[PDB]
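Read on for two forms of one protein chain; each stands alone as structure tokens, with the labels structure 1 and structure 2.
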Structure 1
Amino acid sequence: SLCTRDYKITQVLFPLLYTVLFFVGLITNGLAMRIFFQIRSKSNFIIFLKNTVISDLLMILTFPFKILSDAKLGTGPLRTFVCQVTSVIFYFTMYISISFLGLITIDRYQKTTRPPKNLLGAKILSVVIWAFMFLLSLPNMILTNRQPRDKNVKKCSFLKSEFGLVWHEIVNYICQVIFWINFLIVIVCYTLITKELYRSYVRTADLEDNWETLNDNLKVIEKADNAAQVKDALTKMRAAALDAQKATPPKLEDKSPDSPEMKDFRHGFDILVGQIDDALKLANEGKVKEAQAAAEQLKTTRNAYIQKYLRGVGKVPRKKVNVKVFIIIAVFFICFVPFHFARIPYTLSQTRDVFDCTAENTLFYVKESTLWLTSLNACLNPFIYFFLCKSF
């Protein structure tokens, strides 16, 4: 009552910040709807991605009501409407987005491990997420039935009934659980994909160590003047080559044993081992120069091409680098983590008259600032689909 909140910086900074996000958001999701809704829903990912684009658009359409109500220093019918309807829509569509981001992450993680009634399952799941958030949101709209007694007081908590304040606390608790379960899912999925990347790296580095062994021992043969040194190097080269021939590099992981990719990889080593074997036979006969000339045959255009090819097959592919799961984890840390940290103390100040005026106002400014970061997601989310061959 006696407490005053300074809205002079709020009425210039936030409507200006949200106006930018409204136009940036309309053009981003407009050029996402007209593209993604043309393509068919043949996978769960695209079903989840289509739900994400419309939940983004619903929360962007919420911004004009906010911009113009926050532009006014005092309360009014529009501020009451924001409190009761449009800002409630913002929150329930925000947790719809977080739910589908958690689902997209599970989907994308399961695709990395991978060597219709599931579309139905994804569709029913999509309906259940929307209906559930709507179920929680509806009493918040209905229990914001009180009129503002002081025209200078714009806080939604003063427009609420006793059970309205109770439900507000319950809803904000459930949403904290929805956030942290989805954040945990994203953290786990990211850690498992990152472990797989590090595992793919060591298998490539082990394989490349074999090539270094073979090429280092070839240098020894060139600078040698005796059959004992040539035989030693040739033996280590044969062992490195036969070791490398037994490997299943990340590019050959999901390939059939009788597939041409698997066959060319093994045959490439048979040609190089064969050349080492011919040079080793000569080294055993004490013919140093002849064994050096035959080992030097690995430097021919043909055998250098065979090496370059086999080494290329051993490299870590794009599949192992998941930019979609990294973007989602980046989005949770930037857009959602600060708001969810700022929320509980702010909810506590709204449901009980326990904090000092300046303490309350500080909690408001922090939640208002972090809520804006949360709104970037609606303008960021289409970039999970924007970086692929379909959009060039």
Structure 2
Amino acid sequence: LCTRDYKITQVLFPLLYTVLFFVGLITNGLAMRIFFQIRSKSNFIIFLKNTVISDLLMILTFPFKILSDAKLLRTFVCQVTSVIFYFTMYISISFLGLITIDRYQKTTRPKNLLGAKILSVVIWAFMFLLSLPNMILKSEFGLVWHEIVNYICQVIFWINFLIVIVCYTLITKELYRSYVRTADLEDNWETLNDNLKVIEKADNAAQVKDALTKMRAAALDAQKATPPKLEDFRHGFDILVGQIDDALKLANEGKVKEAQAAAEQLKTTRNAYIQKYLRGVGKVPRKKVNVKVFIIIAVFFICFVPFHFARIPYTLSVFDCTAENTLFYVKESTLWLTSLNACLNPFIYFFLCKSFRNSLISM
């Protein structure tokens, strides 16, 4: 009824999948060799470990899709392996949500290794006995069971998608907050030093009065942003603000030359000592690695987001062959992106697991 370019149907796609199959077998190959030469000492390494599996279960369905699509009984093994694939994909999606959570929790931190394995087994089993009826199969109980599983699967995606949205939203708000705090504090000090130069090269009392005002404000801002350390990180600020206040008085009284020299006293060795110490106390770096953590949301968005997003228009809202062909391609390519996950998961192991990257540095 409807015809498409076999250059794309029987060639491009089978090759695209062939790429994925190899690229995916090698990376997940040496991955599994690394992962069972690492003791499972946390939630994370454990969820990662399950990912290696569901990835190899994914790769091992590619050939049957490759040979079928390139036109090489022959049709029932297609229904089974595709079930195994769909099983595989929603497992990947489930663990990715857990990995998200697990990673999000370690970014709100300066009983497990046993419940983690159990939750894993729940994941698999609940997918398996949801994948069983589809490959168990006239009897029209099953083609309404398709609307059952298809429904479950939408919920599985959307819940884990929400998880991802929330966790990365909380991680983004925190990393932003952390950035602005440090950016401002650096600003504070930079203003202090900048308005001293202004003072140094100033004529009137108005120039001195203004720069000192900015300095006073910046200093007090710095002090606010720098609570004392639990171990003279409060008395120091009193000295610096003191000098600034003194210089301000001199500048208000009219004596600009004295003002400038009172200002200059921040350049004494002791005052600069104090400054360097107060600058020191201020910087306390402890933020989650940027392009390292976001890899997950990335992989999730590349692989799983499109297949589900693209469905909602033309699942919730035609005879012509271009529209039915547009749909074929959209579905088929999004499903390719889905499969790409088995190749993008090794990246998560690399960019986020210390021990993994070590074996990978070696073997």
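Whichever C-alpha set is largest while still superposing within 1.5 Å between the two forms counts as the rigid core. Numbers follow structure 1, counted from its first residue as 1.
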- Item | Rigid core superposition between structure 1 and structure 2: residue from 291, 104, 94, 133 with Cα shift of 2 Å or more | 291
- Query: Using the core for the fit, does the CA position of residue 41 change by 2 Å or more between structure 1 and structure 2?
  - Reply: no
- Query: Relative to the superposed rigid core, does the CA atom of residue 204 travel 2 Å or more between structure 1 and structure 2?
  - Reply: no
- Is residue 187 one of the residues whose C-alpha moves 2 Å or more between structure 1 and structure 2 after the core fit? no
- Message: Fitting the two forms on their rigid core, what distance in Å separates the Cα positions of residue 272 between structure 1 and structure 2?
- Response: 8.8
- Query: What is the Cα shift of residue 365 between structure 1 and structure 2 once the core is superposed, in angstrom?
  - Reply: 2.5
- In Å, how large is the CA movement of residue 55 between structure 1 and structure 2 relative to the superposed rigid core? 0.3
